[PDB]
Every structure is written in C-alpha cells, then in structure tokens.
Amino acid sequence: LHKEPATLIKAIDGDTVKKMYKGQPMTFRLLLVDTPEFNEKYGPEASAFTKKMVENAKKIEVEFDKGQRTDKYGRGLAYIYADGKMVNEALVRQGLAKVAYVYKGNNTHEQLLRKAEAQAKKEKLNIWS
Ligand SMILES: Cc1cn([C@H]2C[C@H](OP(=O)(O)O)[C@@H](COP(=O)(O)O)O2)c(=O)[nH]c1=O
Ligand SMILES: [Ca+2]
C-alpha cells in the first residue's frame with residue numbers, strides 16, 4: 001500500500017470523513033472498522049475522537065487497499081493517517097470501533113486492527129465495558 005496526500009474538508013462521524021483528494025471533494029469511509037452511529041452509545045465519543053484526530057493533524061494521508069476503492073454509495077474506502085498515526089487502528093485501540101466489514105479485496109491491515117481490538121477488549125474500553 002501507499003500513502004497519498006489529502007486535506008480535511010470536514011469530520012462527519014466516527015468512521016466517515018470528508019476530504020479533498022486529488023482536487024475533488026470525497027467522503028471517505030474508514031476500512032475495516034465500525035463506529036456506532038452518532039445516536040447510539042459511544043457514537044458521540046467516536047465522532048469526537050475522529051474529529052479531534054483529523055482536525056489536529058498537520059498532515060492527513062489516505063491509503064487505499066488492493067480491492068475496491070469506492071463503496072456502493074460512492075464513498076472512498078481507505079486507511080486514514082493523522083501525522084502518521086492510523087485513525088482506523090486508533091479508534092479500535094480505544095474501543096470506539098469494532099473490527100468490521102472485512103472483505104477479501106481489502107484487508108491488508110486486518111491483523112493489526114484485530115491486535116488492537118484484542119487489547120481494547122482486554123481493558124474493557126468504552127464499547128467493551
Ligand atoms: C466499510 C465498508 C462498508 N461498505 C458498505 C457496506 C454497508 O452497506 P449497507 O448500507 O447495504 O449495509 C455500508 C456500511 O457503512 P456504514 O457503517 O457507514 O453505514 O457500507 C462497503 O461496501 N465496503 C466497506 O469496506
Ligand atoms: Ca458506522
């Protein structure tokens with residue numbers, strides 16, 4: 001995989017972030033994770049965690065996997081990095097996301113995130129408490 005430049009347009013919720021990528025507004029859905037909806041328990045915290053994380057970053061990078069790059073709603077499907085720290089992995093580590101939507105095309109960082117979910121569960125963090 002490789003990291004590509006992008007600039008925040010807007011944080012949306014725990015696992016979707018609108019960015020400008022190669023000149024175009026594009027809504028990104030985070031690969032391999034599922035944050036609760038804003039109206040569910042931990043939703044607002046998931047949204048706020050992702051928001052602070054993308055908003056504080058000086059450098060945002062987008063990383064496509066090997067499978068499909070857009071979902072059926074036209075959302076980019078990526079691993080997202082804030083100053084070199086992967087948001088996807090970071091939500092899971094804090095028990096603000098579950099590992100999810102693991103499809104065959106698109107799972108490079110699957111074990112990494114499951115590793116994080118193991119440690120999150122280990123500590124009864126947010127969702128696991
Ligand atoms: C994360 C992800 C979601 N999706 C689709 C499947 C789900 O379809 P359905 O809407 O038919 O359930 C939806 C879940 O996203 P949200 O969790 O943002 O709702 O997005 C993909 O197709 N590929 C992916 O990698
Ligand atoms: Ca979700």
Side-chain angles (χ1 to χ4, degrees):
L1 303 196
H2 61 256
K3 277 143 210 198
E4 300 173 50
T7 69
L8 188 57
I9 289 179
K10 231 198 163 45
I12 298 163
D13 72 347
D15 62 17
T16 64
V17 181
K18 185 153 154 194
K19 305 188 182 87
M20 191 171 293
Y21 164 74
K22 292 188 176 155
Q24 302 311 314
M26 167 149 183
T27 291
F28 280 94
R29 173 69 166 81
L30 264 55
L31 284 175
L32 293 189
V33 304
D34 192 30
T35 51
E37 309 304 318
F38 184 87
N39 82 296
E40 297 160 343
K41 198 167 187 174
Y42 305 114
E45 13 276 334
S47 301
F49 186 100
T50 291
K51 179 186 189 151
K52 180 175 173 170
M53 194 164 174
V54 299
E55 266 169 17
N56 285 7
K58 67 166 197 50
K59 175 208 207 182
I60 292 293
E61 293 160 314
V62 146
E63 176 178 77
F64 292 103
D65 209 322
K66 254 108 167 198
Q68 72 163 204
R69 287 191 181 208
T70 60
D71 73 5
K72 72 193 166 156
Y73 301 106
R75 289 179 311 184
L77 295 164
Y79 311 102
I80 300 309
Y81 298 84
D83 301 325
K85 307 206 180 338
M86 208 210 296
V87 181
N88 311 57
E89 177 193 3
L91 284 147
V92 175
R93 180 62 182 82
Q94 300 296 325
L96 288 169
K98 308 192 180 218
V99 179
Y101 302 99
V102 185
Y103 301 98
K104 177 57 174 159
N106 264 344
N107 76 325
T108 307
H109 299 304
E110 178 182 8
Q111 295 309 130
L112 174 60
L113 316 192
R114 288 197 184 282
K115 197 74 187 319
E117 197 192 82
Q119 273 274 66
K121 207 176 324 222
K122 215 137 289 154
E123 304 158 17
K124 265 76 257 207
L125 271 179
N126 295 294
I127 289 178
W128 313 106
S129 66

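All ligand and atom numbering here is 1-based and tracks the order in the structure. Numbering starts at 1 and runs along the sequence shown. Computed over heavy atoms, backbone and side chain alike; hydrogens, waters and symmetry mates excluded.
Using the six-membered ring where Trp is involved, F28 and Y21 have ring planes that are perpendicular, over 60° apart on the 30 and 60° scheme.
Protein heavy atoms are found less than 4.0 angstrom from atom 9 (P) of ligand 1.
A 4.5 Å side-chain heavy-atom check between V54 and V87 finds at least one atom pair inside the cut-off. The shortest distance between side-chain heavy atoms of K85 and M53 falls below 4.5 Å.
Atoms of ligand 1 found under 4.0 Å from any heavy atom of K72, numbered from 1 in the order shown, are 8 (O), 9 (P), 11 (O). Of all atoms in ligand 1, numbered sequentially from 1 with element shown, those under 4.0 Å from a heavy atom of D34 are 17 (O).
In this structure, NZ on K41 lies 10.0 Å from CG on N126, to the nearest 0.5 angstrom. Here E61 contributes atom CD and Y81 contributes atom OH; the two are 8.5 Å apart, rounded to the nearest 0.5 Å.
Among the atoms of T35, an N, O or S atom falls under 3.0 Å of the Ca ion (ligand 2).
Nearest protein heavy-atom contact of atom 25 (O) of ligand 1 is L77 CD2, 3.6 Å. Closest protein heavy atom to atom 6 (C) of ligand 1: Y103 OH, 3.7 Å. Taking atom 7 (C) of ligand 1 as the reference point, the nearest protein heavy-atom neighbour is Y101 CE2, 3.9 Å. In terms of protein heavy atoms, atom 22 (O) of ligand 1 is closest to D71 CB, 3.8 Å.
With sequence neighbours excluded, the residues satisfying side chain to side chain donor-acceptor pair (under 3.5 Å) with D71 are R75.
Within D15, OD2 is the N, O or S atom that lies nearest to the Ca ion (ligand 2). Distances from the Ca ion (ligand 2) to each N, O or S atom of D34 single out OD1 as the nearest.
Residue-to-ligand polar distances place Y73 within reach of ligand 1: an N/O pair is separated by less than 3.5 Å. Below 3.5 Å of separation, one finds no N or O of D15 facing any N or O of ligand 1. Considering backbone and side-chain atoms alike, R29 places an N or O below 3.5 Å from some N or O of ligand 1.
Taking hydrophobic clusters as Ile, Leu, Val, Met, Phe, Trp and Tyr residues chained together by side-chain heavy-atom distances below 4.5 Å, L8 shares a cluster with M26.
In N106, neither the side chain nor the backbone holds a heavy atom less than 4.0 Å from any atom of ligand 1. Only the side chain of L31 comes within 4.0 Å of ligand 1, counting heavy atoms alone; its backbone N, CA, C and O stay farther away.
Test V62, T50, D15 against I80 for side-chain contact (heavy atoms from CB on, under 4.5 Å) and you get one pass: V62. Partner of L113 under the side-chain contact (heavy atoms from CB on, under 4.5 Å) criterion, chosen from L91, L32, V102: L32.
Looking at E37, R75, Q68, it is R75 that brings a heavy atom closest to atom 20 (O) of ligand 1.
Every pair passing side-chain hydrogen bond (donor to acceptor under 3.5 Å, both in side chains) that includes a residue from residues 97-107 is listed here, sequence neighbours excluded: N107-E110.
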